[PDB]
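Shown next: data29.tsv, containing TSV, C-alpha atoms and all ligand atoms.
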chain	number	residue	atom	x	y	z
I	1	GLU	CA	24.00	-101.33	53.92
I	2	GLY	CA	26.53	-99.98	56.42
I	3	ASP	CA	25.72	-100.58	60.10
I	4	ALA	CA	27.16	-98.29	62.76
I	5	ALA	CA	26.89	-100.92	65.49
I	6	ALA	CA	28.94	-103.46	63.56
I	7	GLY	CA	31.32	-100.64	62.64
I	8	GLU	CA	31.90	-99.70	66.27
I	9	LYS	CA	33.00	-103.27	66.87
I	10	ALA	CA	35.20	-103.39	63.73
I	11	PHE	CA	36.89	-100.14	64.76
I	12	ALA	CA	38.92	-101.96	67.40
I	13	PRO	CA	42.18	-102.08	65.43
I	14	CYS	CA	41.92	-98.35	64.69
I	15	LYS	CA	41.79	-97.44	68.38
I	16	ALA	CA	45.54	-98.00	68.66
I	17	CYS	CA	46.22	-94.78	66.79
I	18	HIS	CA	42.89	-92.96	66.55
I	19	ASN	CA	40.25	-91.40	68.78
I	20	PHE	CA	37.59	-88.72	68.28
I	21	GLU	CA	38.83	-86.16	70.77
I	22	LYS	CA	42.59	-85.76	70.39
I	23	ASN	CA	45.62	-86.39	68.18
I	24	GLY	CA	47.93	-89.26	69.14
I	25	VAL	CA	49.99	-91.57	66.94
I	26	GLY	CA	47.28	-90.83	64.38
I	27	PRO	CA	45.06	-87.78	63.95
I	28	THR	CA	41.64	-87.38	65.55
I	29	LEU	CA	38.90	-88.71	63.20
I	30	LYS	CA	36.27	-86.24	64.35
I	31	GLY	CA	34.34	-85.07	61.31
I	32	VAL	CA	36.62	-86.92	58.92
I	33	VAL	CA	33.82	-88.05	56.62
I	34	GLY	CA	33.58	-85.70	53.67
I	35	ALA	CA	36.59	-83.71	54.82
I	36	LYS	CA	39.68	-82.92	52.73
I	37	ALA	CA	42.47	-85.43	53.46
I	38	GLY	CA	45.56	-84.41	55.39
I	39	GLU	CA	44.37	-80.86	56.02
I	40	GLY	CA	42.66	-80.87	59.42
I	41	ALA	CA	42.86	-82.81	62.66
I	42	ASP	CA	43.74	-79.72	64.68
I	43	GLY	CA	47.13	-79.29	63.03
I	44	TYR	CA	48.18	-82.95	62.97
I	45	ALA	CA	51.51	-83.47	61.13
I	46	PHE	CA	50.41	-85.41	58.04
I	47	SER	CA	52.86	-87.00	55.60
I	48	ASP	CA	53.56	-85.08	52.37
I	49	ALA	CA	51.85	-87.89	50.49
I	50	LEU	CA	48.48	-87.54	52.20
I	51	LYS	CA	48.50	-83.78	52.34
I	52	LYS	CA	49.24	-83.48	48.62
I	53	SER	CA	46.83	-86.27	47.66
I	54	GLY	CA	44.07	-83.72	47.08
I	55	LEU	CA	41.58	-86.39	48.12
I	56	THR	CA	38.16	-85.82	49.68
I	57	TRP	CA	37.09	-88.41	52.25
I	58	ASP	CA	33.85	-89.40	50.53
I	59	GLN	CA	32.57	-93.01	50.86
I	60	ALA	CA	34.33	-94.07	47.67
I	61	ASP	CA	37.76	-92.84	48.70
I	62	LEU	CA	37.42	-94.06	52.29
I	63	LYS	CA	36.50	-97.48	50.95
I	64	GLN	CA	39.71	-97.74	48.94
I	65	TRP	CA	41.79	-96.16	51.71
I	66	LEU	CA	40.67	-98.63	54.37
I	67	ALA	CA	41.07	-101.67	52.09
I	68	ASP	CA	44.75	-100.82	51.47
I	69	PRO	CA	46.14	-97.48	52.70
I	70	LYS	CA	49.56	-97.62	51.00
I	71	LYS	CA	48.11	-98.53	47.62
I	72	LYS	CA	45.65	-95.62	47.77
I	73	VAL	CA	48.28	-93.17	48.98
I	74	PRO	CA	51.79	-94.45	48.40
I	75	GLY	CA	54.00	-93.01	51.09
I	76	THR	CA	51.37	-92.47	53.80
I	77	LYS	CA	52.62	-92.83	57.36
I	78	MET	CA	49.53	-94.82	58.32
I	79	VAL	CA	51.07	-98.25	58.95
I	80	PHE	CA	48.07	-100.60	58.63
I	81	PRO	CA	47.51	-103.55	56.27
I	82	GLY	CA	43.96	-102.57	55.43
I	83	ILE	CA	40.60	-104.32	55.84
I	84	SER	CA	40.05	-107.01	53.21
I	85	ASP	CA	36.35	-107.49	54.02
I	86	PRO	CA	34.32	-104.90	52.06
I	87	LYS	CA	31.27	-105.27	54.32
I	88	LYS	CA	33.47	-104.55	57.33
I	89	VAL	CA	34.81	-101.47	55.60
I	90	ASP	CA	31.27	-100.21	54.97
I	91	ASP	CA	30.38	-100.85	58.64
I	92	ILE	CA	33.38	-98.83	59.76
I	93	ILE	CA	32.34	-95.97	57.49
I	94	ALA	CA	28.81	-96.01	58.92
I	95	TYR	CA	30.43	-95.74	62.33
I	96	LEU	CA	32.65	-92.82	61.33
I	97	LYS	CA	29.65	-90.88	60.08
I	98	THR	CA	28.21	-90.99	63.60
I	99	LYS	CA	31.28	-89.14	64.86
N	1	LIG	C1	48.38	-96.71	63.59
N	1	LIG	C2	49.24	-97.81	63.50
N	1	LIG	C3	47.23	-96.56	62.81
N	1	LIG	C4	46.24	-97.48	62.64
N	1	LIG	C5	46.38	-98.79	63.40
N	1	LIG	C6	45.26	-96.97	61.82
N	1	LIG	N1	45.69	-95.72	61.46
N	1	LIG	FE1	44.59	-94.30	60.43
N	1	LIG	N2	46.19	-93.00	60.38
N	1	LIG	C7	47.35	-93.25	61.03
N	1	LIG	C8	48.23	-92.25	60.67
N	1	LIG	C9	49.67	-91.97	61.05
N	1	LIG	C10	47.56	-91.41	59.83
N	1	LIG	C11	48.15	-90.20	59.14
N	1	LIG	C12	48.55	-90.78	57.77
N	1	LIG	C13	49.46	-89.85	56.97
N	1	LIG	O1	49.93	-90.31	55.90
N	1	LIG	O2	49.66	-88.66	57.29
N	1	LIG	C14	46.29	-91.88	59.62
N	1	LIG	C15	45.27	-91.34	58.84
N	1	LIG	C16	43.96	-91.79	58.75
N	1	LIG	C17	42.92	-91.22	58.07
N	1	LIG	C18	42.96	-89.95	57.27
N	1	LIG	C19	42.57	-88.78	58.17
N	1	LIG	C20	42.77	-87.40	57.56
N	1	LIG	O3	42.41	-86.41	58.25
N	1	LIG	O4	42.89	-87.23	56.32
N	1	LIG	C21	41.80	-91.98	58.24
N	1	LIG	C22	40.48	-91.58	57.59
N	1	LIG	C23	42.14	-93.05	59.03
N	1	LIG	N3	43.47	-92.93	59.35
N	1	LIG	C24	41.30	-94.08	59.44
N	1	LIG	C25	41.71	-95.25	60.05
N	1	LIG	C26	40.87	-96.26	60.45
N	1	LIG	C27	39.37	-96.43	60.26
N	1	LIG	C28	41.63	-97.30	60.93
N	1	LIG	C29	41.13	-98.57	61.24
N	1	LIG	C30	40.67	-99.43	60.24
N	1	LIG	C31	42.95	-96.85	61.01
N	1	LIG	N4	42.96	-95.59	60.48
N	1	LIG	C32	44.07	-97.57	61.43
N	1	LIG	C33	47.62	-94.29	61.90
N	1	LIG	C34	46.89	-95.46	62.04
What's the structure tokens form of this structure?
Amino acid sequence: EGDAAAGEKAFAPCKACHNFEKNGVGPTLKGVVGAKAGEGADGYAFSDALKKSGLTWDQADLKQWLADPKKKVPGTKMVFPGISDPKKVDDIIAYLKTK
């Protein structure tokens, strides 16, 4: 299944724009699992694309989102190629749940 420990290690690339305490280039990911996309993050300025996506960050949507952000939400301002290893994606999600 998804392993938080492996996920903490795979989260390295995400650190550049995300943290769990404050907004920076990217919004804070605190409590992002199961939350509505582009609506929280203490008032972070989300793109119109994400905010109007109407998506809910469940495991299914996060899986697609991390594999290829722009294909899931054309026009997002999250500039990241995506994680092509499904197991790695699951690990990252297990990690996010801990936050
Ligand atoms: C900077 C270059 C980023 C990297 C590297 C990663 N992310 Fe990101 N993320 C970034 C931005 C600018 C945004 C806002 C996107 C927009 O279109 O408004 C995001 C958004 C997310 C979200 C959605 C959060 C929300 O509250 O809906 C998630 C869930 C997310 N990012 C996760 C994520 C992870 C796990 C990354 C590593 C694999 C990662 N991001 C990389 C900027 C950047």
Residue list as a PyMOL selection string for point (44.9, -96.1, 59.1), cut-off 9 Å, all atoms listed in the file | chain I and resi 14+17-18+26+65-66+68-69+77-82
Exercise answer, 8 Å around ligand LIG 1 (chain N) with only C-alpha atoms and all ligand atoms, as a ChimeraX atom specification | /I:10-18,25-29,32-33,35-41,45-51,57,62,65-66,73,75-80,82-83,89,92-93,96
Next, dump the selected residues to file, keeping only C-alpha atoms, as a compact mmCIF listing (two decimals), keeping the file's coordinate frame.
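The resulting file, part_20.txt, is reproduced below:
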# COMPACT_ATOMS: atom_id res chain seq x y z
CA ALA I 10 35.20 -103.39 63.73
CA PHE I 11 36.89 -100.14 64.76
CA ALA I 12 38.92 -101.96 67.40
CA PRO I 13 42.18 -102.08 65.43
CA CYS I 14 41.92 -98.35 64.69
CA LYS I 15 41.79 -97.44 68.38
CA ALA I 16 45.54 -98.00 68.66
CA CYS I 17 46.22 -94.78 66.79
CA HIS I 18 42.89 -92.96 66.55
CA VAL I 25 49.99 -91.57 66.94
CA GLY I 26 47.28 -90.83 64.38
CA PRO I 27 45.06 -87.78 63.95
CA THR I 28 41.64 -87.38 65.55
CA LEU I 29 38.90 -88.71 63.20
CA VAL I 32 36.62 -86.92 58.92
CA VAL I 33 33.82 -88.05 56.62
CA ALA I 35 36.59 -83.71 54.82
CA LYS I 36 39.68 -82.92 52.73
CA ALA I 37 42.47 -85.43 53.46
CA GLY I 38 45.56 -84.41 55.39
CA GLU I 39 44.37 -80.86 56.02
CA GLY I 40 42.66 -80.87 59.42
CA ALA I 41 42.86 -82.81 62.66
CA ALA I 45 51.51 -83.47 61.13
CA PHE I 46 50.41 -85.41 58.04
CA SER I 47 52.86 -87.00 55.60
CA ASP I 48 53.56 -85.08 52.37
CA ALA I 49 51.85 -87.89 50.49
CA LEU I 50 48.48 -87.54 52.20
CA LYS I 51 48.50 -83.78 52.34
CA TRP I 57 37.09 -88.41 52.25
CA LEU I 62 37.42 -94.06 52.29
CA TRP I 65 41.79 -96.16 51.71
CA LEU I 66 40.67 -98.63 54.37
CA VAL I 73 48.28 -93.17 48.98
CA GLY I 75 54.00 -93.01 51.09
CA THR I 76 51.37 -92.47 53.80
CA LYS I 77 52.62 -92.83 57.36
CA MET I 78 49.53 -94.82 58.32
CA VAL I 79 51.07 -98.25 58.95
CA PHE I 80 48.07 -100.60 58.63
CA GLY I 82 43.96 -102.57 55.43
CA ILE I 83 40.60 -104.32 55.84
CA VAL I 89 34.81 -101.47 55.60
CA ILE I 92 33.38 -98.83 59.76
CA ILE I 93 32.34 -95.97 57.49
CA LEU I 96 32.65 -92.82 61.33
Hey, which of I:58, I:7, I:74, I:67 ends up closest to residue 31 (chain I)? Count only C-alpha atoms.
->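 Using only C-alpha atoms, residue 31 (chain I) sits closest to I:58.
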Just how far from CA of residue 2 (chain I) is CA of residue 90 (chain I), in Å to one decimal?
->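 Between these atoms lies a distance of 5.0 Å.
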Best match for closeness to residue 53 (chain I) among I:30, I:20, I:1, I:72, counting all atoms listed in the file | I:72
So which one's closest to residue 22 (chain I), I:4, I:55, I:43, I:9? Using all atoms listed in the file, please.
-> I:43
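Between CA of residue 63 (chain I) and CA of residue 44 (chain I) the separation is 22.2 Å.
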Residue nearest residue 6 (chain I) among I:88, I:71, I:97, I:52 (counting all atoms listed in the file) =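 Ranked by minimum distance to residue 6 (chain I), first place goes to I:88.
Straight-line separation from CA of residue 87 (chain I) to CA of residue 54 (chain I): 26.1 Å.
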Min atom-atom distance to residue 23 (chain I) from the set I:8, I:91, I:42, I:85, counting only C-alpha atoms, belongs to I:42
Go ahead and fit an axis-aligned box to every listed atom of region 15-19 of chain I plus 3 Å each side, and pass me the centre and edge lengths in Å, one decimal, as lines of an AutoDock Vina configuration file.
center_x = 43.2
center_y = -94.7
center_z = 67.7
size_x = 12.0
size_y = 12.6
size_z = 8.2
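Restricting the calculation to all atoms listed in the file, the smallest distance between residue 61 (chain I) and any of I:34, I:5, I:98, I:21 is found for I:34.
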